[PDB]
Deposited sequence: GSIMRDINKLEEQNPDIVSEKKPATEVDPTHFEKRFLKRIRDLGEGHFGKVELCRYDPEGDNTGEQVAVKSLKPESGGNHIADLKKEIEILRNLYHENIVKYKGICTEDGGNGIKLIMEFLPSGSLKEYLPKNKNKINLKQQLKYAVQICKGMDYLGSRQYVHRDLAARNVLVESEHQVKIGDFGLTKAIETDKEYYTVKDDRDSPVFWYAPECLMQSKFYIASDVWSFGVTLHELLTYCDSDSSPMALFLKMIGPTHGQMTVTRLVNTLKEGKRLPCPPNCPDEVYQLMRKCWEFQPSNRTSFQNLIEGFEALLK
């Protein structure tokens, strides 16, 4: 049930790619008649096998309505992670195609669902470290799920954070000051990334309004080396992503509470759930 044979995983197309990992759409077809189920397969790009094993162990341990469902594994010396496939794809793919169909009420319900999924992940003592719209999957127009855990780490025992020893290519434009200045990741650091994801969601994932595009227009291009320093300085000055068009004051105030410079001053996911639900009538 949880073991998928590689020869029967018929490649269809790519769903997404990282630096060292890729997610592909496959049809698991053991009958050879093309009636098999479509699944999302995460593997290693052409090791790092230990990190995919950790991700598998994390996802197998998560059971929640707003978290992509683990289905099993496929072995090669190598390993692949098998997950349910959500045909509507990420919010980055879905929102620009459905701008007219999705109103503020629906966006706020997605924000509650992501916070519920994140609060559940935090209760398991994990930090996601990669919360962005590209990682939020659309199950239906009424439901979303957190769909990738490639950077997820277990919080160091009796500590409030995880210290990254690598961070090779990480989503710096979604990162809190403590991640950028000290490589320390708190549950509060995910709260900051959430505020950035909420900003993406409210702009319908418009590429011109993306966190990278906006910050590249605020700071200016330098590439690779000085980007993080110039981002830290911009954040120290009190500059934040602006209020999206048609975002009400009440929603922006919640978003701004995700963006307090100090981790201890930020709102929690439980407070965000209650705050958004109070706006839903």
* When the deposited sequence is counted from residue 1, which ranges lack any model? -> 1 to 28, 75 to 78, 109 to 111
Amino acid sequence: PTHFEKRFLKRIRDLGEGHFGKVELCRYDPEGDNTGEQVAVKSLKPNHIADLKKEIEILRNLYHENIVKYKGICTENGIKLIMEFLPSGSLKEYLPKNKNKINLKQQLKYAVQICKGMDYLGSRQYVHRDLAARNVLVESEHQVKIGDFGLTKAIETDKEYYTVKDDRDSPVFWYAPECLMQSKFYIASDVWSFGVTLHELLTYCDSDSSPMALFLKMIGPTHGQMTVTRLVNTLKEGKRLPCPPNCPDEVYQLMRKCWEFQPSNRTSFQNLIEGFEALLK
From here on, numbers count along this sequence of modelled residues.
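C-alpha atoms forming the largest set that superposes within 1.5 Å between two forms make up the rigid core.
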* Asked: Once the rigid core is matched, which of the two stretches, 9 to 17 or 262 to 270, lies farther off on average in 9 other deposited structures of this protein by C-alpha?
  -> 9 to 17
* Asked: After fitting on the rigid core, which stretch moves more in 9 other deposited structures of this protein, 223 to 231 or 63 to 71, going by C-alpha RMS?
  -> 223 to 231
* Coordinates lacking for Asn47, a third or more of other entries -> yes
* May I ask whether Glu76 is missing from the deposited models in at least a third of the other compared entries? => yes
* Of the two stretches 31 to 39 and 59 to 67, which shows the higher Cα B-factor on average in the entry? -> 31 to 39
* Averaging C-alpha B-factors over each stretch, which comes out higher, 160 to 168 or 89 to 97? -> 160 to 168
* Say you rank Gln106, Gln143, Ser193, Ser207 by Cα B-factor from the PDB entry; which sits at the top? -> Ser207
* When the CA B-factors of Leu52, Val251, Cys26, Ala213 are compared as recorded in the entry, which is the largest? -> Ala213
* Asked: Once the chain's modelled residues are ordered by C-alpha B factor and cut into thirds, is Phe269 in the lowest, middle or highest one?
  -> lowest
* To do: Taking the values exactly as deposited, rank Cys179 by C-alpha B-factor within its chain and report the matching third: lowest, middle or highest.
  => middle
* Among modelled residues of the same chain, the CA temperature factor third for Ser189 -> lowest
* Asked: Split the chain's modelled residues into thirds by Cα B-factor; is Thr197 in the lowest, middle or highest one?
  -> lowest
* Please place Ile155 in the lowest, middle or highest third of its chain by C-alpha B factor as given in the entry. => middle
